[PDB]
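Everything on this sheet refers to the single structure shown next.
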Amino acid sequence: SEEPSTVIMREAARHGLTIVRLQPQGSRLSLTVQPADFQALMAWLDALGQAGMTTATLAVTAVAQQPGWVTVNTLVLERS
Amino acid sequence: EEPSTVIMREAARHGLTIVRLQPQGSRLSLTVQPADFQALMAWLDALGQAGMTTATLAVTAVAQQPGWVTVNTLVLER
(Lines give C-alpha, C1' and ligand atoms only; values in the text may rest on other atoms or scores of the structure.)
Protein backbone atom coordinates (compact mmCIF):
# COMPACT_ATOMS: atom_id res chain seq x y z
CA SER A 1 0.00 0.00 0.00
CA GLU A 2 1.71 3.32 1.07
CA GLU A 3 5.49 3.60 1.08
CA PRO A 4 6.95 4.29 4.54
CA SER A 5 8.47 7.66 3.55
CA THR A 6 5.00 8.91 2.54
CA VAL A 7 3.51 8.03 5.94
CA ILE A 8 6.54 9.30 7.87
CA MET A 9 6.58 12.71 6.15
CA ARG A 10 2.78 13.20 6.25
CA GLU A 11 2.73 12.47 9.98
CA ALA A 12 5.94 14.56 10.59
CA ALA A 13 4.16 17.54 8.91
CA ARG A 14 1.10 16.95 11.14
CA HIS A 15 3.00 16.66 14.40
CA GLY A 16 5.77 19.21 13.79
CA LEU A 17 8.86 17.02 13.39
CA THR A 18 11.89 17.93 11.26
CA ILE A 19 13.57 14.99 9.57
CA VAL A 20 17.32 15.55 9.29
CA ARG A 21 17.85 12.15 7.72
CA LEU A 22 15.86 9.19 6.68
CA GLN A 23 17.93 6.14 5.63
CA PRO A 24 17.53 2.35 5.61
CA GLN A 25 19.18 0.39 8.44
CA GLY A 26 19.16 -3.15 7.10
CA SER A 27 15.44 -3.86 6.62
CA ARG A 28 14.54 -1.20 9.22
CA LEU A 29 14.38 2.62 8.90
CA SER A 30 16.72 4.93 10.80
CA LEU A 31 15.45 8.42 11.41
CA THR A 32 17.45 11.41 12.57
CA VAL A 33 15.00 13.99 13.98
CA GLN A 34 15.60 17.49 15.33
CA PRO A 35 14.80 18.04 19.06
CA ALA A 36 11.08 17.77 19.60
CA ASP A 37 8.12 18.23 21.95
CA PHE A 38 7.85 14.78 23.58
CA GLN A 39 4.02 14.78 23.48
CA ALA A 40 4.13 15.52 19.71
CA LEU A 41 6.84 12.85 19.17
CA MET A 42 4.60 10.27 20.97
CA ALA A 43 1.59 11.30 18.84
CA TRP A 44 3.70 10.83 15.70
CA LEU A 45 4.98 7.38 16.84
CA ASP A 46 1.36 6.37 17.62
CA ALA A 47 0.26 7.39 14.08
CA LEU A 48 3.17 5.37 12.60
CA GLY A 49 2.14 2.37 14.76
CA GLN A 50 -1.45 2.68 13.36
CA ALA A 51 0.06 2.54 9.85
CA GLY A 52 1.79 -0.78 10.75
CA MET A 53 5.23 0.65 11.63
CA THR A 54 6.47 -0.45 15.04
CA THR A 55 9.17 1.37 17.02
CA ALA A 56 12.25 -0.89 17.16
CA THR A 57 14.56 1.53 19.03
CA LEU A 58 13.82 4.84 20.73
CA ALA A 59 16.17 6.82 22.95
CA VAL A 60 15.32 10.35 24.07
CA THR A 61 16.80 12.75 26.65
CA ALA A 62 15.25 16.00 27.91
CA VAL A 63 16.59 19.26 26.48
CA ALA A 64 18.31 21.49 29.04
CA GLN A 65 15.93 24.33 30.11
CA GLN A 66 12.99 22.81 28.13
CA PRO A 67 11.80 19.68 30.12
CA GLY A 68 8.84 18.83 27.79
CA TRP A 69 11.26 18.70 24.82
CA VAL A 70 13.67 15.94 24.05
CA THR A 71 16.69 15.25 21.93
CA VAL A 72 15.92 12.18 19.77
CA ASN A 73 19.16 10.26 20.35
CA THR A 74 18.04 7.19 18.40
CA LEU A 75 14.95 6.24 16.43
CA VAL A 76 14.55 3.10 14.35
CA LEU A 77 11.23 1.90 12.90
CA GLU A 78 10.20 -1.36 11.32
CA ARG A 79 8.50 -1.30 7.88
CA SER A 80 4.79 -2.18 7.70
CA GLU B 1 0.07 13.41 45.99
CA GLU B 2 3.63 12.12 46.19
CA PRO B 3 5.20 11.31 42.79
CA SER B 4 5.72 7.60 43.64
CA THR B 5 1.96 7.24 44.32
CA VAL B 6 1.06 8.66 40.89
CA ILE B 7 3.80 6.69 39.09
CA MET B 8 2.84 3.32 40.63
CA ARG B 9 -0.94 3.85 40.24
CA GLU B 10 -0.51 4.81 36.57
CA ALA B 11 1.93 1.90 35.93
CA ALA B 12 -0.73 -0.50 37.21
CA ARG B 13 -3.32 1.24 34.95
CA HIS B 14 -1.10 0.39 31.95
CA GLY B 15 0.09 -3.11 32.95
CA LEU B 16 3.71 -2.13 33.60
CA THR B 17 5.80 -3.73 36.33
CA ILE B 18 8.14 -1.50 38.28
CA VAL B 19 10.96 -3.30 40.04
CA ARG B 20 12.93 -0.24 41.29
CA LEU B 21 11.85 3.36 41.93
CA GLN B 22 14.74 5.43 43.21
CA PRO B 23 14.48 9.07 44.16
CA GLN B 24 17.12 11.43 42.80
CA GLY B 25 15.68 14.76 44.03
CA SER B 26 13.19 16.08 41.50
CA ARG B 27 14.24 13.06 39.23
CA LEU B 28 13.11 9.43 39.75
CA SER B 29 15.02 6.52 38.22
CA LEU B 30 12.86 3.51 37.37
CA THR B 31 13.55 -0.08 36.42
CA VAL B 32 10.64 -1.52 34.40
CA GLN B 33 10.08 -5.07 33.11
CA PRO B 34 9.65 -5.65 29.31
CA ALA B 35 6.52 -4.10 27.99
CA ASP B 36 4.06 -3.54 25.15
CA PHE B 37 5.37 -0.30 23.56
CA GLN B 38 1.89 1.24 23.08
CA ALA B 39 1.16 0.69 26.83
CA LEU B 40 4.57 2.15 27.81
CA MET B 41 3.87 5.29 25.73
CA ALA B 42 0.33 5.60 27.11
CA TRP B 43 1.78 5.47 30.64
CA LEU B 44 4.40 8.13 29.87
CA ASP B 45 1.70 10.32 28.29
CA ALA B 46 -0.53 9.98 31.42
CA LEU B 47 2.46 10.85 33.63
CA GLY B 48 3.17 13.92 31.47
CA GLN B 49 -0.48 15.03 31.95
CA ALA B 50 0.09 14.70 35.74
CA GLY B 51 3.15 17.05 35.49
CA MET B 52 5.85 14.34 35.36
CA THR B 53 8.05 14.65 32.34
CA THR B 54 10.17 11.92 30.75
CA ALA B 55 13.76 13.03 31.33
CA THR B 56 15.46 9.96 29.84
CA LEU B 57 14.08 6.97 27.97
CA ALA B 58 15.99 4.22 26.14
CA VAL B 59 14.18 1.21 24.76
CA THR B 60 14.99 -1.59 22.32
CA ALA B 61 12.54 -4.01 20.66
CA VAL B 62 12.25 -7.54 21.93
CA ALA B 63 13.53 -9.95 19.24
CA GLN B 64 10.61 -12.05 17.94
CA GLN B 65 7.99 -9.75 19.57
CA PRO B 66 8.22 -6.40 17.63
CA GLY B 67 5.49 -4.46 19.48
CA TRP B 68 7.31 -5.13 22.79
CA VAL B 69 10.43 -3.45 24.14
CA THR B 70 12.94 -3.75 26.93
CA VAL B 71 13.07 -0.53 28.98
CA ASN B 72 16.82 -0.03 29.27
CA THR B 73 16.69 3.38 30.94
CA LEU B 74 13.81 5.41 32.32
CA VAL B 75 14.10 8.59 34.37
CA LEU B 76 11.11 10.85 35.21
CA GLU B 77 11.17 14.47 36.44
CA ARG B 78 8.55 15.92 38.81
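All residue names refer to the C-alpha coordinates as shown: chains lettered A, B, ... in order, residues numbered from 1 in each chain, ligands numbered from 1 in order.
Neighbours of residue 34 (chain A) closer than or equal to 10 Å, with only C-alpha atoms counted and sequence neighbours fewer than 5 positions away skipped, come out as residues 17, 18, 19, 20, 21, 70, 71, 72 and 73 of chain A.
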If the cut-off is 7 Å, can you tell me the residues of chain B near chain A, counting only C-alpha atoms? I'd like them as a list in words.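 Within 7 Å of chain A on chain B, we get residues 41, 45, 53, 55, 56, 57, 58, 59, 60, 61, 66 and 67 of chain B.
Distance-wise, CA of residue 71 (chain B) and CA of residue 31 (chain A) end up 19.9 Å apart.
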When DSSP is applied to the backbone of this structure, which of chain B are assigned helix (DSSP H, G or I)? Write them out as a list in words.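 Helix (DSSP H, G or I) assignments inside chain B correspond to residues 3, 4, 5, 6, 7, 8, 9, 10, 11, 12, 13, 37, 38, 39, 40, 41, 42, 43, 44, 45, 46, 47, 48 and 49 of chain B.
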Name the residues in contact with residue 15 (chain B) at a cut-off of 12 Å, using only C-alpha atoms, excluding same-chain residues fewer than 3 positions from it; report them as a count of residues only. 18
